[PDB]
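Input: a single structure, listed below in C-alpha cells.
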Amino acid sequence: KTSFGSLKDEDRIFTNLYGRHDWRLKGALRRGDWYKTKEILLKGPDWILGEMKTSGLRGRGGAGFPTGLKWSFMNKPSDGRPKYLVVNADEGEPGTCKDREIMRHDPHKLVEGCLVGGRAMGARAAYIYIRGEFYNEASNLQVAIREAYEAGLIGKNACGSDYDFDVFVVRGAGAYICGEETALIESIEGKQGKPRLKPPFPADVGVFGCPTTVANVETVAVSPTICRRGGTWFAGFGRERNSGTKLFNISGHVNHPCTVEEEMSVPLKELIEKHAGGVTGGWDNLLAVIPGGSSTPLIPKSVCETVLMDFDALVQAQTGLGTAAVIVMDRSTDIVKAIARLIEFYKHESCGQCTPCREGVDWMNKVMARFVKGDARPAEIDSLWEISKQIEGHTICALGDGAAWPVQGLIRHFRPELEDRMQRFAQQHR
Amino acid sequence: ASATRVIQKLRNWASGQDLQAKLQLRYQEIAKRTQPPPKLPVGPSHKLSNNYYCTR
Ligand SMILES: Cc1cc2nc3c(=O)[nH]c(=O)nc-3n(C[C@H](O)[C@H](O)[C@H](O)COP(=O)(O)O)c2cc1C
Ligand code: SF4
C-alpha cells in the first residue's frame with residue numbers, strides 16, 4: 001500500500017478503549033481475550049518469538065527497538081537464576097495516557113500479554129510497575145488479576161499448559177525517571193529510581209540480578225493478539241519496518257483531544273482532522289506539533305502538512321515517534337513558554353545521578369526561563385544549542401537526550417521568535 | 001618657559017637651535033594625572049559558542 005490510515009474497527013486491537021463495555025473477565029472473554037492461549041503456550045517460546053519477529057513490532061515505549069529481537073535476547077538456557085518479565089506501566093511522559101486507558105479498560109489484555117511474553121522468554125513472573133498516581137487503575141488491574149487467578153489463567157497451571165506464571169503489581173511513588181528501563185528495575189528492587197549503566201543489559205543482569213525484560217504496556221497487550229491473528233496481519237498494517245496499529249493521544253489546541261487507535265504511517269494532518277476534530281481555529285491556525293510526547297522535538301506547520309506517523313518518517317522530519325503523543329499548539333501559543341515548561345518538567349524529573357543531565361538540565365531550565373522573559377542576547381541561543389549537544393549522548397540514560405531534543409527543535413525552527421523577544425526586551429528596557 | 005626674551009635670544013644664539021619650541025621641561029602639554037575610567041576590550045575567545053578549547 002501507499003496511503004495509510006482509515007483503520008477498521010474489526011482490525012483495531014484495543015476494542016474496549018473507551019470503556020463502553022465490561023472491563024472484567026466476562027467482558028474480556030466476550031471480546032475475545034484468553035482465546036486459545038493454552039494452544040499458544042503449547043506452541044511455545046520459539047514460535048511466539050517468530051510471530052513477534054514476523055509482525056515486526058517495535059517498542060511502544062518510545063525507544064523504537066524491535067520487540068522480537070529484544071524478547072529473543074532472553075531465549076537462553078537458564079543458569080539457575082529465575083527470569084522475569086517486567087511491564088513498564090508508569091506512563092510518566094507528558095501528552096501520554098494510552099497505557100492508563102488500556103490498563104483501566106482492557107486489563108485482561110495486559111494480563112494475557114504478560115503470560116504470553118513470559119512464556120515466550122521463559123519466566124516465572126511478570127512485575128507490572130504501575131505509576132503511583134494510578135491508584136484506581138492499579139486496583140482495577142488487581143481485580144482483573146484476581147479474576148485470572150480464580151479462573152486458572154494465571155498461577156501454577158497457565159491455562160492448563162503445565163506452566164507456572166505469577167503476575168505481581170508494584171506501584172511507584174511519583175517519579176518520571178522510574179519509567180526508564182533500568183531505573184524502573186532499581187525502583188522495583190527498592191532503591192532510588194536511578195538508571196544503571198549498560199552493560200550489563202537487563203536480559204543478563206536485571207531485577208534482583210536476574211535476567212529480565214522490560215516491555216511497554218501497549219507492546220505486552222498487543223502481543224497475544226499478534227500471536228492469535230498472526231504476524232503477517234500486523235505486518236500488513238503500517239509501512240515497511242513501521243508496522244501495525246498505534247494508540248495516539250492527541251492533546252493541546254484541538255477541538256476534541258482524545259486517545260484513538262490508528263494505523264501506522266497515517267498522515268498527521270489526517271489523524272488530527274479525523275479524530276481530534278482539527279486544530280482550534282483551523283489548520284491555518286495550527287502553528288507547531290510535538291508528535292511523540294515531550295521527548296521529541298517540535299515540527300512546524302510547514303512540515304506538518306505532509307508528515308507521516310512513522311518512526312522513519314519522523315526521523316526524516318528530524319523528530320521521533322515517541323509515545324505517539326501529539327501535542328498541538330496554535331498561533332496563540334507562547335511557544336517559548338511551552339518549551340520552557342517542558343524543560344522545567346525535565347528539571348523537576350531528573351534523577352540527578354549523572355553530571356551532564358543534572359547540571360545541564362538545571363542550566364537549560366534557567367536559560368529557557370530567561371528566554372521566555374527575553375532577558376538574553378542572541379549569542380545565548382547558540383550557547384544553549386551547544387549546551388544541549390553537550391548533554392545529549394553523554395548521560396547514563398536518555399532523559400538527557402529527551403531534555404536536549406525540545407531545546408534543539410525550538411532553536412532549529414523558532415529562532416526568529418527568540419531573537420524578536422530578545423530585541424523587544426532590549427528596546428523596552430533601553 | 002618663564003625666561004625673558006633677552007635670555008631666550010641669548011640661549012637660541014648660543015645653542016644654534018630654537019630651544020623654546022622644544023623645551024625639555026614639561027609644563028602643561030602632558031596628560032592630566034586624573035583620567036576617565038577605561039573599558040578594556042575582551043579577546044577573541046570571549047564568545048559563548050564555537051569556542052571549544054581543543055580547537056585553539
Ligand atoms: C526518562 C525516561 C522515561 C521513560 N518513561 C517511560 C514510561 O513512563 N513508560 C514507558 O513505557 N516507557 C518509558 N520510557 C522508555 C523505556 O525505555 C521503554 O518503555 C522500555 O525500554 C520498554 O521497551 P519497549 O519500548 O520495547 O516496550 C522512558 C525512557 C526514559 C529515558
Ligand atoms: S540522564 Fe538524568 S535522569 Fe538519567 S541517569 Fe543521568 S541524572 Fe539520572
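In the C-alpha cells, each chain is lettered A, B, ... as it comes, each chain's residues begin at 1, and ligands are numbered from 1 in order of appearance.
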Point to revise | Surroundings of ligand 2 up to 7 Å, based on only C-alpha atoms and all ligand atoms, as JSON, numbers by chain | key: {"A": [177, 194, 195, 350, 351, 352, 353, 354, 355, 356, 357, 358, 395, 396, 397, 398, 399, 400]}
Same residues, N, CA, C and O atoms, output as a PDB file, in the first residue's frame:
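Ended up saving to out.pdb:
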```
ATOM      1  N   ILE A 177      11.348   9.474  36.040  1.00  0.00           N
ATOM      2  CA  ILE A 177      12.530   8.690  35.713  1.00  0.00           C
ATOM      3  C   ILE A 177      12.323   7.215  36.022  1.00  0.00           C
ATOM      4  O   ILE A 177      12.983   6.361  35.424  1.00  0.00           O
ATOM      5  N   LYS A 194      17.232   5.424  40.101  1.00  0.00           N
ATOM      6  CA  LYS A 194      18.390   5.831  39.327  1.00  0.00           C
ATOM      7  C   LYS A 194      18.690   4.767  38.288  1.00  0.00           C
ATOM      8  O   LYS A 194      18.828   3.590  38.647  1.00  0.00           O
ATOM      9  N   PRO A 195      18.766   5.123  37.010  1.00  0.00           N
ATOM     10  CA  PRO A 195      19.113   4.137  35.985  1.00  0.00           C
ATOM     11  C   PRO A 195      20.525   3.617  36.179  1.00  0.00           C
ATOM     12  O   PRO A 195      21.422   4.339  36.611  1.00  0.00           O
ATOM     13  N   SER A 350      14.484  15.041  36.614  1.00  0.00           N
ATOM     14  CA  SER A 350      15.802  14.430  36.530  1.00  0.00           C
ATOM     15  C   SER A 350      16.128  13.710  37.828  1.00  0.00           C
ATOM     16  O   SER A 350      15.859  14.216  38.918  1.00  0.00           O
ATOM     17  N   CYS A 351      16.708  12.518  37.710  1.00  0.00           N
ATOM     18  CA  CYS A 351      17.059  11.755  38.898  1.00  0.00           C
ATOM     19  C   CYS A 351      18.341  12.248  39.544  1.00  0.00           C
ATOM     20  O   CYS A 351      18.611  11.895  40.695  1.00  0.00           O
ATOM     21  N   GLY A 352      19.124  13.060  38.845  1.00  0.00           N
ATOM     22  CA  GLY A 352      20.264  13.708  39.446  1.00  0.00           C
ATOM     23  C   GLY A 352      21.481  12.843  39.645  1.00  0.00           C
ATOM     24  O   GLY A 352      22.438  13.298  40.277  1.00  0.00           O
ATOM     25  N   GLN A 353      21.485  11.617  39.126  1.00  0.00           N
ATOM     26  CA  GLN A 353      22.628  10.736  39.328  1.00  0.00           C
ATOM     27  C   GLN A 353      23.852  11.230  38.577  1.00  0.00           C
ATOM     28  O   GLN A 353      24.947  11.304  39.144  1.00  0.00           O
ATOM     29  N   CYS A 354      23.695  11.594  37.310  1.00  0.00           N
ATOM     30  CA  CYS A 354      24.852  11.867  36.479  1.00  0.00           C
ATOM     31  C   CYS A 354      24.942  13.340  36.101  1.00  0.00           C
ATOM     32  O   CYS A 354      23.927  14.018  35.875  1.00  0.00           O
ATOM     33  N   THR A 355      26.193  13.800  36.053  1.00  0.00           N
ATOM     34  CA  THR A 355      26.520  15.224  35.998  1.00  0.00           C
ATOM     35  C   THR A 355      25.954  15.965  34.791  1.00  0.00           C
ATOM     36  O   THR A 355      25.396  17.059  34.993  1.00  0.00           O
ATOM     37  N   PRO A 356      26.063  15.473  33.539  1.00  0.00           N
ATOM     38  CA  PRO A 356      25.533  16.275  32.425  1.00  0.00           C
ATOM     39  C   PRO A 356      24.044  16.533  32.513  1.00  0.00           C
ATOM     40  O   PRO A 356      23.643  17.695  32.444  1.00  0.00           O
ATOM     41  N   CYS A 357      23.219  15.509  32.733  1.00  0.00           N
ATOM     42  CA  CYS A 357      21.787  15.759  32.850  1.00  0.00           C
ATOM     43  C   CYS A 357      21.468  16.621  34.055  1.00  0.00           C
ATOM     44  O   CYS A 357      20.742  17.605  33.922  1.00  0.00           O
ATOM     45  N   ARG A 358      22.061  16.319  35.216  1.00  0.00           N
ATOM     46  CA  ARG A 358      21.761  17.087  36.425  1.00  0.00           C
ATOM     47  C   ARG A 358      22.054  18.577  36.232  1.00  0.00           C
ATOM     48  O   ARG A 358      21.129  19.411  36.135  1.00  0.00           O
ATOM     49  N   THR A 395      25.051  11.058  28.808  1.00  0.00           N
ATOM     50  CA  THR A 395      24.386  10.744  30.060  1.00  0.00           C
ATOM     51  C   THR A 395      24.222   9.241  30.212  1.00  0.00           C
ATOM     52  O   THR A 395      24.394   8.471  29.266  1.00  0.00           O
ATOM     53  N   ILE A 396      23.891   8.833  31.437  1.00  0.00           N
ATOM     54  CA  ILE A 396      23.666   7.422  31.723  1.00  0.00           C
ATOM     55  C   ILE A 396      22.430   6.924  30.990  1.00  0.00           C
ATOM     56  O   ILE A 396      22.463   5.892  30.311  1.00  0.00           O
ATOM     57  N   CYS A 397      21.334   7.660  31.093  1.00  0.00           N
ATOM     58  CA  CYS A 397      20.074   7.276  30.482  1.00  0.00           C
ATOM     59  C   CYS A 397      19.658   8.348  29.481  1.00  0.00           C
ATOM     60  O   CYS A 397      20.377   9.321  29.249  1.00  0.00           O
ATOM     61  N   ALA A 398      18.484   8.171  28.890  1.00  0.00           N
ATOM     62  CA  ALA A 398      18.055   9.018  27.790  1.00  0.00           C
ATOM     63  C   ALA A 398      17.167  10.170  28.232  1.00  0.00           C
ATOM     64  O   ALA A 398      16.550  10.816  27.380  1.00  0.00           O
ATOM     65  N   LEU A 399      17.076  10.443  29.537  1.00  0.00           N
ATOM     66  CA  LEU A 399      16.407  11.664  29.969  1.00  0.00           C
ATOM     67  C   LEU A 399      17.187  12.896  29.535  1.00  0.00           C
ATOM     68  O   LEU A 399      16.585  13.931  29.233  1.00  0.00           O
ATOM     69  N   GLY A 400      18.517  12.806  29.485  1.00  0.00           N
ATOM     70  CA  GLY A 400      19.303  13.907  28.956  1.00  0.00           C
ATOM     71  C   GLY A 400      19.024  14.173  27.489  1.00  0.00           C
ATOM     72  O   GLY A 400      18.910  15.326  27.069  1.00  0.00           O
TER      73      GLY A 400
END
```
Practice item. Kindly provide, as a list in words, the residues of chain A having any atom no farther than 7 Å from an atom of chain B, counting only C-alpha atoms. Key: residues 379, 380, 382, 383 and 386 of chain A
Exercise for review: Residues within 8 Å of ligand 1 should be enumerated using only C-alpha atoms and all ligand atoms and returned as a count of residues only.
Suggested key: 40
Point to revise | Residues within 7 Å of region 416-430 of chain A, only C-alpha atoms, excluding chain neighbours under 6 positions, as a list in words | key: residues 371, 374, 375, 376, 377 and 378 of chain A
Just write the chosen residues, C-alpha atoms, as a PDB file, in the first residue's frame.
```
ATOM      1  CA  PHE A 371      14.461  33.294  27.091  1.00  0.00           C
ATOM      2  CA  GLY A 374      13.503  37.958  26.849  1.00  0.00           C
ATOM      3  CA  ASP A 375      16.372  38.688  29.251  1.00  0.00           C
ATOM      4  CA  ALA A 376      19.119  37.335  26.989  1.00  0.00           C
ATOM      5  CA  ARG A 377      21.106  38.133  23.837  1.00  0.00           C
ATOM      6  CA  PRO A 378      21.154  36.097  20.596  1.00  0.00           C
TER       7      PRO A 378
END
```
Exercise for review: List every residue of region 164-361 of chain A that DSSP, applied to the backbone, labels as alpha helix (DSSP H), and write the result as an MDAnalysis selection string.
Suggested key: chainID A and resid 181:189 217:229 231:236 268:271 301:304 311:316 335:349 355:361
May I have the residues from that selection written out with C-alpha atoms, as a PDB file, in the first residue's frame?
```
ATOM      1  CA  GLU A 181      14.007   0.627  31.999  1.00  0.00           C
ATOM      2  CA  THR A 182      16.893   0.234  34.436  1.00  0.00           C
ATOM      3  CA  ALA A 183      15.635   2.919  36.827  1.00  0.00           C
ATOM      4  CA  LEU A 184      12.352   1.016  36.945  1.00  0.00           C
ATOM      5  CA  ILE A 185      14.337  -2.135  37.732  1.00  0.00           C
ATOM      6  CA  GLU A 186      16.074  -0.314  40.597  1.00  0.00           C
ATOM      7  CA  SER A 187      12.759   1.048  41.888  1.00  0.00           C
ATOM      8  CA  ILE A 188      11.326  -2.474  41.942  1.00  0.00           C
ATOM      9  CA  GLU A 189      14.455  -3.611  43.785  1.00  0.00           C
ATOM     10  CA  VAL A 217       2.049  -1.983  28.325  1.00  0.00           C
ATOM     11  CA  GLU A 218       0.969  -1.427  24.720  1.00  0.00           C
ATOM     12  CA  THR A 219       3.621  -3.864  23.460  1.00  0.00           C
ATOM     13  CA  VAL A 220       2.655  -6.509  26.014  1.00  0.00           C
ATOM     14  CA  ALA A 221      -1.064  -6.012  25.385  1.00  0.00           C
ATOM     15  CA  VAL A 222      -0.758  -6.346  21.607  1.00  0.00           C
ATOM     16  CA  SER A 223       1.453  -9.440  21.942  1.00  0.00           C
ATOM     17  CA  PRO A 224      -1.371 -12.036  22.355  1.00  0.00           C
ATOM     18  CA  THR A 225      -3.486 -10.568  19.550  1.00  0.00           C
ATOM     19  CA  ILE A 226      -0.378 -10.718  17.348  1.00  0.00           C
ATOM     20  CA  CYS A 227       0.050 -14.376  18.289  1.00  0.00           C
ATOM     21  CA  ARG A 228      -3.632 -15.167  17.691  1.00  0.00           C
ATOM     22  CA  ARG A 229      -4.073 -13.387  14.360  1.00  0.00           C
ATOM     23  CA  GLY A 231       2.381 -11.650  12.462  1.00  0.00           C
ATOM     24  CA  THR A 232       1.607 -11.345   8.755  1.00  0.00           C
ATOM     25  CA  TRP A 233      -1.582  -9.398   9.508  1.00  0.00           C
ATOM     26  CA  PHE A 234       0.101  -6.982  11.931  1.00  0.00           C
ATOM     27  CA  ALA A 235       2.976  -6.595   9.476  1.00  0.00           C
ATOM     28  CA  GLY A 236       0.458  -5.924   6.719  1.00  0.00           C
ATOM     29  CA  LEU A 268      -0.547  13.779  10.891  1.00  0.00           C
ATOM     30  CA  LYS A 269      -2.991  16.171   9.226  1.00  0.00           C
ATOM     31  CA  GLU A 270      -5.330  13.257   8.509  1.00  0.00           C
ATOM     32  CA  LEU A 271      -5.120  11.991  12.097  1.00  0.00           C
ATOM     33  CA  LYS A 301       3.008  23.596  10.256  1.00  0.00           C
ATOM     34  CA  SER A 302       5.006  23.570   7.001  1.00  0.00           C
ATOM     35  CA  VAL A 303       6.413  20.087   7.586  1.00  0.00           C
ATOM     36  CA  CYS A 304       3.271  19.044   9.491  1.00  0.00           C
ATOM     37  CA  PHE A 311       9.473   6.168  13.230  1.00  0.00           C
ATOM     38  CA  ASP A 312      11.385   6.556   9.966  1.00  0.00           C
ATOM     39  CA  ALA A 313       9.147   9.373   8.722  1.00  0.00           C
ATOM     40  CA  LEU A 314       9.639  11.424  11.875  1.00  0.00           C
ATOM     41  CA  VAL A 315      13.382  10.675  11.858  1.00  0.00           C
ATOM     42  CA  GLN A 316      13.440  12.105   8.327  1.00  0.00           C
ATOM     43  CA  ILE A 335       5.763  28.517  22.122  1.00  0.00           C
ATOM     44  CA  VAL A 336       8.844  29.586  24.090  1.00  0.00           C
ATOM     45  CA  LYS A 337       6.832  29.359  27.315  1.00  0.00           C
ATOM     46  CA  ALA A 338       5.569  25.882  26.398  1.00  0.00           C
ATOM     47  CA  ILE A 339       9.077  24.610  25.665  1.00  0.00           C
ATOM     48  CA  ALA A 340      10.374  26.227  28.857  1.00  0.00           C
ATOM     49  CA  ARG A 341       7.617  24.478  30.804  1.00  0.00           C
ATOM     50  CA  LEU A 342       8.796  21.199  29.273  1.00  0.00           C
ATOM     51  CA  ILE A 343      12.368  21.957  30.330  1.00  0.00           C
ATOM     52  CA  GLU A 344      11.092  22.775  33.828  1.00  0.00           C
ATOM     53  CA  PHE A 345       9.385  19.377  33.783  1.00  0.00           C
ATOM     54  CA  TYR A 346      12.691  17.703  32.949  1.00  0.00           C
ATOM     55  CA  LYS A 347      14.437  19.740  35.648  1.00  0.00           C
ATOM     56  CA  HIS A 348      11.932  18.541  38.237  1.00  0.00           C
ATOM     57  CA  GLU A 349      12.055  14.951  36.970  1.00  0.00           C
ATOM     58  CA  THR A 355      26.520  15.224  35.998  1.00  0.00           C
ATOM     59  CA  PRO A 356      25.533  16.275  32.425  1.00  0.00           C
ATOM     60  CA  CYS A 357      21.787  15.759  32.850  1.00  0.00           C
ATOM     61  CA  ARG A 358      21.761  17.087  36.425  1.00  0.00           C
ATOM     62  CA  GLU A 359      23.733  20.307  35.992  1.00  0.00           C
ATOM     63  CA  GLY A 360      22.952  20.913  32.325  1.00  0.00           C
ATOM     64  CA  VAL A 361      19.198  20.407  32.581  1.00  0.00           C
TER      65      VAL A 361
END
```
Review point. Do you know which residues are at most 9 Å from region 5-7 of chain A counting only C-alpha atoms, after dropping those on the same chain fewer than 2 positions away, and could you put them as a count of residues only?
Key: 17
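CA of residue 68 (chain A) sits 14.8 Å away from CA of residue 212 (chain A).
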**Study point:** Filtered DSSP result for region 68-306 of chain A, state strand (DSSP E), as JSON, numbers by chain
**Key:** {"A": [84, 85, 86, 87, 88, 89, 125, 126, 127, 128, 129, 130, 166, 167, 168, 169, 170, 171, 212, 213, 214, 215, 216, 238, 239, 242, 243, 245, 246, 247, 248, 249, 250, 251, 252, 258, 259, 260, 261, 262, 263, 286, 287, 288, 289, 290, 299, 300]}
With C-alpha atoms retained, could you export that selection as a PDB file, in the first residue's frame?
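Okay, this is what ended up in again_2.pdb:
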```pdb
ATOM      1  CA  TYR A  84      11.403 -12.088  34.868  1.00  0.00           C
ATOM      2  CA  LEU A  85       9.124 -10.082  32.627  1.00  0.00           C
ATOM      3  CA  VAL A  86       8.723  -6.509  33.845  1.00  0.00           C
ATOM      4  CA  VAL A  87       5.951  -4.326  32.435  1.00  0.00           C
ATOM      5  CA  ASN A  88       6.541  -0.572  32.256  1.00  0.00           C
ATOM      6  CA  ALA A  89       3.161   0.783  33.296  1.00  0.00           C
ATOM      7  CA  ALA A 125       6.713 -13.907  36.955  1.00  0.00           C
ATOM      8  CA  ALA A 126       5.824 -10.534  35.496  1.00  0.00           C
ATOM      9  CA  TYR A 127       6.113  -7.469  37.708  1.00  0.00           C
ATOM     10  CA  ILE A 128       3.868  -4.695  36.397  1.00  0.00           C
ATOM     11  CA  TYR A 129       5.402  -1.472  37.691  1.00  0.00           C
ATOM     12  CA  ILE A 130       2.465   0.895  37.562  1.00  0.00           C
ATOM     13  CA  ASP A 166       2.763 -15.230  38.516  1.00  0.00           C
ATOM     14  CA  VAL A 167       1.728 -11.628  37.881  1.00  0.00           C
ATOM     15  CA  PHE A 168       2.571  -9.047  40.543  1.00  0.00           C
ATOM     16  CA  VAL A 169       1.626  -5.369  40.530  1.00  0.00           C
ATOM     17  CA  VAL A 170       4.040  -2.927  42.146  1.00  0.00           C
ATOM     18  CA  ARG A 171       3.125   0.730  42.492  1.00  0.00           C
ATOM     19  CA  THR A 212      14.655  -9.776  32.833  1.00  0.00           C
ATOM     20  CA  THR A 213      12.907  -7.911  30.043  1.00  0.00           C
ATOM     21  CA  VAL A 214      11.189  -4.547  30.441  1.00  0.00           C
ATOM     22  CA  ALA A 215       8.373  -4.004  27.950  1.00  0.00           C
ATOM     23  CA  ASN A 216       5.699  -1.359  27.460  1.00  0.00           C
ATOM     24  CA  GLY A 238       1.641   0.113   8.578  1.00  0.00           C
ATOM     25  CA  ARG A 239       4.540   0.861   6.268  1.00  0.00           C
ATOM     26  CA  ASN A 242       6.868   0.641  10.881  1.00  0.00           C
ATOM     27  CA  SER A 243       4.104  -1.921  11.145  1.00  0.00           C
ATOM     28  CA  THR A 245      -1.555  -0.147  14.817  1.00  0.00           C
ATOM     29  CA  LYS A 246      -0.792   2.561  17.341  1.00  0.00           C
ATOM     30  CA  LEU A 247      -2.511   4.415  20.160  1.00  0.00           C
ATOM     31  CA  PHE A 248      -2.264   8.157  19.532  1.00  0.00           C
ATOM     32  CA  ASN A 249      -3.020  10.668  22.276  1.00  0.00           C
ATOM     33  CA  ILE A 250      -3.901  13.944  20.549  1.00  0.00           C
ATOM     34  CA  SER A 251      -3.984  16.809  23.036  1.00  0.00           C
ATOM     35  CA  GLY A 252      -3.439  20.535  23.188  1.00  0.00           C
ATOM     36  CA  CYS A 258      -8.687  12.203  22.584  1.00  0.00           C
ATOM     37  CA  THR A 259      -6.941   8.849  22.599  1.00  0.00           C
ATOM     38  CA  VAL A 260      -7.546   6.896  19.396  1.00  0.00           C
ATOM     39  CA  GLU A 261      -6.187   3.769  17.730  1.00  0.00           C
ATOM     40  CA  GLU A 262      -4.992   4.327  14.172  1.00  0.00           C
ATOM     41  CA  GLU A 263      -2.777   2.534  11.671  1.00  0.00           C
ATOM     42  CA  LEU A 286      -2.019  25.432  13.564  1.00  0.00           C
ATOM     43  CA  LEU A 287       1.499  26.553  14.500  1.00  0.00           C
ATOM     44  CA  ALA A 288       3.511  23.597  15.813  1.00  0.00           C
ATOM     45  CA  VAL A 289       3.159  19.957  16.827  1.00  0.00           C
ATOM     46  CA  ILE A 290       5.162  17.836  19.260  1.00  0.00           C
ATOM     47  CA  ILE A 299       7.778  20.418  13.997  1.00  0.00           C
ATOM     48  CA  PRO A 300       6.128  23.486  12.424  1.00  0.00           C
TER      49      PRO A 300
END
```
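By only C-alpha atoms, and with residues fewer than 6 positions from residue 385 (chain A) along its chain excluded, the set lying at most 9 Å from it is residues 404, 407, 408 and 411 of chain A; 49 of chain B.
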Please produce a file of those selected residues containing N, CA and C atoms, as a compact mmCIF listing (two decimals), in the first residue's frame.
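Output (result.txt):
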```
# COMPACT_ATOMS: atom_id res chain seq x y z
N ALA A 404 17.35 17.45 25.85
CA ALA A 404 18.08 18.22 24.85
C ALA A 404 17.29 18.41 23.57
N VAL A 407 14.75 21.56 23.17
CA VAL A 407 15.52 22.78 23.01
C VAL A 407 16.08 22.87 21.60
N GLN A 408 16.58 21.75 21.08
CA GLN A 408 17.11 21.73 19.73
C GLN A 408 16.02 22.01 18.70
N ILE A 411 15.16 25.81 18.88
CA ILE A 411 16.21 26.61 18.26
C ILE A 411 16.22 26.40 16.75
N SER B 49 29.92 30.50 22.03
CA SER B 49 29.73 29.32 21.21
C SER B 49 30.87 29.23 20.21
```
